[PDB]
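Spelled out, the chains give:
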There are 2 protein chains.
Amino acid sequence: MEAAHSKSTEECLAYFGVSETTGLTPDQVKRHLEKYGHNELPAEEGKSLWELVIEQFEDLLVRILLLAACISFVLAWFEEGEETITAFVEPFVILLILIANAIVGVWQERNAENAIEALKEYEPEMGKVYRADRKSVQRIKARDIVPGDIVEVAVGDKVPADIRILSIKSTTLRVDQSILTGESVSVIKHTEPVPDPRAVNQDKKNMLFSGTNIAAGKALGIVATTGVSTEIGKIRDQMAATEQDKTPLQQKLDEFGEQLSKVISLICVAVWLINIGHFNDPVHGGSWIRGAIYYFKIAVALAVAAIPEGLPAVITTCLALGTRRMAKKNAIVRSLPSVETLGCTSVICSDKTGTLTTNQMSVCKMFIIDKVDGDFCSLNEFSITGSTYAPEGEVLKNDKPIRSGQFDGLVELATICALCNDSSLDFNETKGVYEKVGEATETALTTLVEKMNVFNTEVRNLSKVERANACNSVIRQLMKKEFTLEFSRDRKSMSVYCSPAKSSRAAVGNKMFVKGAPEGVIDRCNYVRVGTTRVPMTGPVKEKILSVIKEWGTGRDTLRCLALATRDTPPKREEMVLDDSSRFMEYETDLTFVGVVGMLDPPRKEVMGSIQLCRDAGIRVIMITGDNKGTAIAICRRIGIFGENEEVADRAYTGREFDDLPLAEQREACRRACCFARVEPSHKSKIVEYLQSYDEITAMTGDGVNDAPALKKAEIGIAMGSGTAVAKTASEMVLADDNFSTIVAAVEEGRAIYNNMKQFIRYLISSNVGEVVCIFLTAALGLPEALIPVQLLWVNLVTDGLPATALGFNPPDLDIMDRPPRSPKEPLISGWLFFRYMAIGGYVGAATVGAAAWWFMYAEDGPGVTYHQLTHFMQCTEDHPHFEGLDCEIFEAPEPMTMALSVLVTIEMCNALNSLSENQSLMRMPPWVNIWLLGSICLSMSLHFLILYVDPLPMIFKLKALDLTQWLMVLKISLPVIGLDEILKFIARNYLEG
Amino acid sequence: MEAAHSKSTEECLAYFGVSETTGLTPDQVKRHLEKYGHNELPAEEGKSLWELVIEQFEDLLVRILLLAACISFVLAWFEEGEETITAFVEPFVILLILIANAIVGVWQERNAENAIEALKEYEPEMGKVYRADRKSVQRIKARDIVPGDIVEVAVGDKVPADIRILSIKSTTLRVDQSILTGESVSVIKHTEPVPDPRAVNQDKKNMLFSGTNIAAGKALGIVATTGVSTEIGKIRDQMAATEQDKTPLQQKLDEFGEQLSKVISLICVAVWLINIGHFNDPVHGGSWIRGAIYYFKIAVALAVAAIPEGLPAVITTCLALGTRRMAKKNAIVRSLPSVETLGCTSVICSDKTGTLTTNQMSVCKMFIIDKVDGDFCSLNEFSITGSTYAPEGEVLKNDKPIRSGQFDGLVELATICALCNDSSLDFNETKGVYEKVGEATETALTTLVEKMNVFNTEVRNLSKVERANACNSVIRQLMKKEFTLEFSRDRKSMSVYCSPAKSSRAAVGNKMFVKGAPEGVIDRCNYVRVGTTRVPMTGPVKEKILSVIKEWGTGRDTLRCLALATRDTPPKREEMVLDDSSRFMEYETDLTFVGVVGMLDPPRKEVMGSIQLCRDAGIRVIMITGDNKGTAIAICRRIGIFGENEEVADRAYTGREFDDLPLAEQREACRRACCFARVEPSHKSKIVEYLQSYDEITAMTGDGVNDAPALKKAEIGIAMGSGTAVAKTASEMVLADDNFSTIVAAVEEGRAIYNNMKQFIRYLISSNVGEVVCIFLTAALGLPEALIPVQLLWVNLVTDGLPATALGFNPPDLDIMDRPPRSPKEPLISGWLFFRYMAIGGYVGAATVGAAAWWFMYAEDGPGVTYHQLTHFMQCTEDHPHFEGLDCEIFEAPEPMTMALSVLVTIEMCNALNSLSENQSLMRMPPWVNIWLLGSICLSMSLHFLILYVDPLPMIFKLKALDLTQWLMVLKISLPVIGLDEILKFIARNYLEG
Ligand SMILES: C/C=C(/C)C(=O)O[C@H]1C(C)=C2[C@H]([C@@H]1OC(=O)CCCCCCC)[C@@](C)(OC(C)=O)C[C@H](OC(=O)CCC)[C@@]1(O)[C@H]2OC(=O)[C@@]1(C)O
């Protein structure tokens, strides 16, 4: 291990003490191996099937049911008679649900893949190393390589480790450092050293990163680090370090069971304290074991009554559907629960190139020099039409087309653009459109010459595919390209050496075509070319050039400026060291300015207003781009992120300036800034770190492994469709269209989804509330239990289930994006709403009881035990308070239960209608606003009857009831709930809220 | 209410003023009801669950612990630090034991049924009465009947109240007055009056007792009394009046807590007076609150140290087991504690018929007249073999078989036996033995004819079941039985009127076959039959008959003599009033003697020696039988209750003679008598009354509600297995085999049980004694407490528990029944034994202290604070007497405690071996005499270690100790106890005792 892109090749072979010619001795291998370790990432997936199923039994709720399944299970074991076997239905049911539960929890973790699991898929299986114990090339296992030994790589190979390059045996070494960033554009490596000890991998031009591919050539070097010590390994560690918090819903939803559990235990203590008879009057007698079961018989019906089971199933059917929905919107949410956290989006950090813009580079402006004198200089502004890369378009001055060949400076300008370019074009067949081969920014430079056509080459004679590089091939003949000094973030410029085509052996006639950022390049020109003539360089002409760069850079028409110069009298060919990237800038000196060109990265059509929406939605958007702070701001002003004329001094920083500030001022700027330019590496994480210290649900974008740590810390990391897999597997969403708008699009749908959920979640635990009350009266008024766990179950699982599901389909409330984001703190049930369900609950919990106690007392036709004093007993052990009779077990009648049970069903089907909106009467909120609701309602009802007359079913649940004035009681005992509701529903006018 | 079996039917309707035809007017009902009351027994079971649990908190011991659970509970509330919550174990433990205690005390009273509760189960739910407000038969509630109104009863009915019969509408009225006595033999009722105003229910032949059943017919009468005024009600009152004293153990065991409590309060006062420092030296300072806890910290460990809790659990495991034991001996003890009072049995009162004897009646002798002359008369002695009822046997004179048909007198003798009998025979299938149908004494008379066979009827042609009544059916043809004058205790005889079978209408030829006790019958014969001839009756032949009755009655071969005569010329058929039982004797006059028969009630095989045992065991046995004093004594002489030739004049009384004596002479005779004949009704109680005035633990036997008051007053009332339920539920034991011996059998086992108990009870409070001493030194020598309540608990509950339990299994000491009964006064601990445990206690109470004080001072490896002067302080508030140091809390080390705790355990495991016998060295009393002891001992030890190394446990109790010369101290500090013991154990030789 040795982070050394700064140490020289010698200093490195030194540190490790090795021989580039022999290698590490079989001994040093053992020594180093045991010192450092196996070169591989800790493989971990210790999620055993056993432990797995168990993990699905830690949630208090599912636990409460368990203990509730025991009692039940044992209560069906303690009964006399031959029908004591028909008592095992209830328990088997419960446990079955507890099982089907675990099943599902285990069938997700099977396919539930993580990103860290992906990295391992980036490090190769085998590698070529040269050990001193031999001579040939032995290809050991990539897992067995160690820092220190010498390795070899060639085309197609996947770099096995962090490798400092010693010698590049091919003519040039090239690599696909894509997995790191995404820019497929291979890069050129070198052997010379890099001074800055703390330099970005991007500037480590003599290192080979593990996971990378040898695009071109073959070289050998010395392994500096391995395992989780390598660039990738570091990231994998950072990712394995991030603590991913639980969805706010999940949190809220969790505390609920925490409380529900508590309450339940309170009802139990209360109950006992209510009926403290035997503990104060009953003598020995014998009703001591019976008076026991009853107390336990009601606990199980105390759990299934409180536990809103079946809800999870609903929240899921809902999410899934919501998910498949967004899918059609080019938005792919991976984590089902995220569809919720999404809609709470406080802030959004999106990348410019490719999300905010289309990334369809295009040269539209370009000025050359016209003439210079005693401070009197003139330029030669231009314009070119052509959004696409196709040669479709024409150059024009003063909005009037001119012929390029008519201007000298434009022919040379066109030279460079062509000979200093490294990209090609091609006409697609299937698509029949012009496609780009190579760097965007280059292909455009190509397209420029393909238009200008400074040489009038017949193209109307060549097909669409043929003239793909017409005016280019022609200029490729005028000059024979010797070599090229690749662009470097260093001198931020690029060149290319080449000579004529009718030459022999003779010193003179060699050209160097430089292409770079105005600043540097221009700062290296000593001469200005005026067509064919060339004259020196002065303050006048210079500023007259720069300024315009600014016009074009910060002006309304946001453009990328690229300076073009040419070295007329370059150094003797046999005097250039084409291996010292450092020497390139010096070679590219004493230049001759030839022109400038402005490009454009068109802001996506849709982003235009999508930004606006976020302002309406109070969702902030911070743009992260590689553009200079200067043009960066301008681009923002152009997409609306900034006010065309507002001060943004303290609202836009550059990666550099950012680090300059102390963690105090650092965290501040994050709540205000909206534009980061030339953002450093570990910055999306720094930004997400802070945007979180202010409890803002953040959205981050970007791809590449060196971009996964941030997509994991954000509340909703976002990856492009075309992005890398690590990114995708490491993200909440995957913009298929890579189009920013798609984010806003989804964010909204999230808001809509959590709204309709928030309803059915209330509609559901509401029935539970009432249910409990019911089970609580029957416990105080010793009445036969009106409801049994079995029924209650079918209820919260089916009867209520459907309306719950339909209640998700509630039409999306408008004025959805005109409000700030939902605070994660915002509870589902509070204040008035609390008291409201508090009532709706008490009502049903009471109505249900008396809906059966009526079948006993005021009963029209039945055991009319009018004021029999059921509250007093169910003893009948005496049978004396009842003068004459030979039957008392009537108490356990199925008519009264089915009465209450039908009452519950009636109430809920209605209460499911009082849910289509929180505080709106049904007269403004017609039940037919949500047809799916009225629909399910019917399937819910015919189901109720389906379990009352269909011979089998009415056996296990309860007996049926006749239309014979039976149901009418039901209705006249239920419907009023709507009134209670509606009353309390729009009783909010008298409290100023809506 | 009106006790009137003496008033006539008129006089009765008079007293109450009612009309047998109309009845009581709806008014008189109210009037009488409010005068007398509801006809029912006061229902009482006011044992509320609340009060119940409370009743289980009045015992000083359990109370002391309570106050001891408070301090503890509050001491764990007054502590600083985060581990102040680990202090709630101790209290929770205590209270838990106090709770589990109450639990058990309540789970017994639930099923703990009483006899009085049974009586209520004898009075019917409804009854038929004729009120003057109607005509038909209205069946009101048996609870609503009142003295005065007319009732009706018929077959199957259960007599609702005390009813004087007015008219018997059926041909004859019969009743099952079983619940009163047990003799299932129904009785015949009448309407005529009974003169004697104070006559036994048995002679109240015109009354119907509540709880009784109408065996045959249907009659009506007038209710004379109800409620607790009826025969049954009286008894229920007597039973509810008896004060049942607490078992002698319970008494002794009670005074102990009474004293233990006292002592404890003395140790406290002493302690304070011991360390009176702060009250004489300490200035203000601040160790005033610490010096407080300590004083309270040792009180709780002063209670749990003294209170031998866990003992009750032992005395129970012991008793239960002892109980299930006797169970296999046909002895069923109902009250667990009785297994103790049993073994102290001073005297035993057993019933002859069925307990002392087998009650398998059998005629073995029978003499008829041979010839008479001038004072010259000869008889005709006989013999018949046949223990069982089966016809298996043959009549024989001079030991040589003769044919019955050859003697005239024997054919007639056989007539009566058959026609004057009212019982049948039958051959059982399952058992394949001859069973008896009817009165024992009759079936035998039947079996007699089934043998004699005076008519040579072929029976070897009929099955076993067929000839069941052969020679009988034959004689049942010779004479047609008209009617029968049922036996009455009055003329102590019975008859039967019948005529020939080839008759018309003609005065002459009617016979009356009389069957009774020699005395009366013979005294009514004017003629003697000599075969076919008949001659008068004279002094000679008469005495020649009587005498032999005496021979056979008092002679060695104890027999029941029954005289047989026949009235030749009875009164004209149409001249007998078959309704005036009084007129029967006169009808049965001018008789003709026909023969005599001797029976035998075989003394149970086992009783033979069982009586002897009691003499060895100094247990007196008094026989209560219905035999005449004459044959009674003889029977006693035969079973050994009496010396074959000793004077028993003042050692045997008849129910009559008994009452004749004044309460002065009455109570006397009870300590001397051993045989009561013709015992009156309220006499078993009178006898138990007296046998108790001499502090004799009495055993009484017998069954029937009219026999429960006595079974409740006796120290151990005894009921037969076949007895009535009131009796059983009203008794201490239930002889399943009804065989007297079973009593002696059990009585012995009781002695064995209280012996082994007496040991473990001593072994247990012994550890307590020592324990306290320990807790008393630590209090004087201010040493850190060597022992904590927590440990001490595990001790007296487990470590000591097991050996206690095994110590119950100590093999039964021989010479068990050769000693008089244990005096109830005899204390468990006194004299030398006191001083002995006084020492064994002081030793352990000291050894334990120094077993920890050693870990401090002389400590080999540890806080070797050699003579540190711990007695001086545990202050360290100064930390100056200890020059250099930064730690003092070492004091609260777990090593020293576990040291003492292990010391205790070692000592007790040994002291549990010094218990297998009071004054016997282990060299004569090997520890392997009681394997269960050596066994538990191991489980006791491995348990000790189990709470020292098993991670969890060693946490709450204390730390462990290494074999590394640690335990050796333990052993070398414990074992010597055995020496101390053994020394003091057999130091009794020098004091003449063993
Ligand atoms: C499932 C059924 C029941 C009855 C339950 O225990 O709900 C309580 C409870 C735990 C809360 C309450 C319920 O409180 C009561 O009903 C008070 C006791 C009365 C019952 C006695 C019988 C007469 C919720 C259910 O109901 C009402 C109507 O007030 C609403 C809400 O729940 C939510 O927002 C959770 C939604 C996911 C919570 O106040 C919640 O406490 C919280 O912390 C929240 C914020 O969770």
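Residues numbered from 1 in each chain as written, not as in the entry; some residues may be left out. Chains lettered and ligands numbered in written order. Heavy atoms only, no water.

As documented in the archive entry, the model was determined using X-ray crystallography at 3.10 Å resolution.

In its PDB record the entry is named "Crystal structure of the SR Ca2+-ATPase in the absence of Ca2+". As its UniProt record puts it under Subunit (literature references left out), chain A is described as follows: "Interacts with sarcolipin (SLN). Interacts with phospholamban (PLN). Interacts with myoregulin (MRLN) (By similarity). Interacts with DWORF (By similarity). Interacts with VMP1 (By similarity)." Here is the UniProt Sequence similarities comment for chain A, exactly as written: "Belongs to the cation transport ATPase (P-type) (TC 3.A.3) family. Type IIA subfamily." (UniProt positions renumbered as here; feature names shortened; annotations may be inferred.)

Attention shifts here to the pattern of salt bridges. What the rule picks out here adds up to 94 salt bridges over all chains. A salt bridge links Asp981 of chain B to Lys985 of chain B; the nearest nitrogen and oxygen atoms lie 4.0 Å apart. Of the two residues, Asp981 of chain B and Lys985 of chain B are both situated in helix 34 (residues 976-985); the distance of four residues between them amounts to about one turn of the helix. Accessibility expressed as a relative area gives 0% for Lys985 of chain B, which makes it buried. The structure contains a network of salt bridges with shared partners spanning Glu412, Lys511, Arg529, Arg534 and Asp568 of chain A. (Salt bridge = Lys/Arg side-chain N within 4 Å of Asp/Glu carboxyl O. Helix = DSSP H or I, 4+ residues; strand = E, 2+ residues; numbered from the N terminus. Buried < 20%, exposed > 50% of the residue type's maximum accessible area, 1.4 Å probe, protein only.)

Before going further, it helps to spend a moment on the nonpolar core. Residues and elements named next belong to chain A. Of all hydrophobic cores here, the largest spans 119 residues; its most connected members are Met733, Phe740, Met757, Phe760, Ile775, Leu787 and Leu933. With 16 residues, the top contributor of residues to this core is helix 26 (residues 741-780). Looking at this core, you find at least three residues from each of domain 2 (55-112 + 241-345 + 746-994) and domain 3 (346-358 + 603-745). Filtering out sequence-adjacent residues up to four positions away, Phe740 remains in contact with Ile348, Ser350, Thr355, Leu356, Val607, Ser610, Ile611 and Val621. (Core = buried A, V, L, I, M, F, W, Y, C linked by side-chain atoms within 4.5 Å. Domains from an automatic or database assignment. Contact = heavy atoms within 4.5 Å.)

All names here are of chain A. Taken together, 18 residues lie around the ligand, and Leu260, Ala306, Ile765, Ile829 and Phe834 are the ones closest in. Here an oxygen atom of the ligand and a backbone polar atom of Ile829 are 3.5 Å apart. Protein contact buries 82% of the 910 Å² of open area that the ligand shows by itself. Listed by contribution, the elements that provide at least two residues to the shell around the ligand are helix 8 (248-274), helix 26 and helix 29 (831-856). Here the residues of the shell around the ligand sort into 15 nonpolar, two polar and one charged. (Near = heavy atom within 4 Å. Polar contact = N/O pair within 3.5 Å; in protein donor to acceptor, adjacent residues only side chain to side chain. Areas by Shrake-Rupley, 256 points an atom, 1.4 Å probe, with all protein chains shown as cover. Nonpolar A, V, L, I, M, F, W, Y, C, P; charged D, E, K, R; others polar.)

For the rest of this paragraph, the subject is the interface of chain B and chain A. The interface of chain B with chain A comprises twelve residues on the first partner and 13 residues on the second. Buried surface at the junction of chain B and chain A, summed over both partners, amounts to about 1100 Å²; 68% is from carbon and sulfur atoms. Of all residues in chain B, the largest losses of buried area upon contact with chain A belong to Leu49, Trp50 and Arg110 of chain B, amounting jointly to 52% of the total for that side. Across the chain B-chain A interface, the total number found is zero salt bridges. The tally of links from chain B across to chain A stands at two residue pairs in polar contact. For the side of chain B that touches chain A, the elements supplying multiple residues, two or more each, are helix 3 (49-55) and helix 5 (89-109) of chain B. Looking at the side of chain B that touches chain A residue by residue, the classes come out as four nonpolar, two polar and six charged. (Buried area = accessible area lost by both parts, 1.4 Å probe.)

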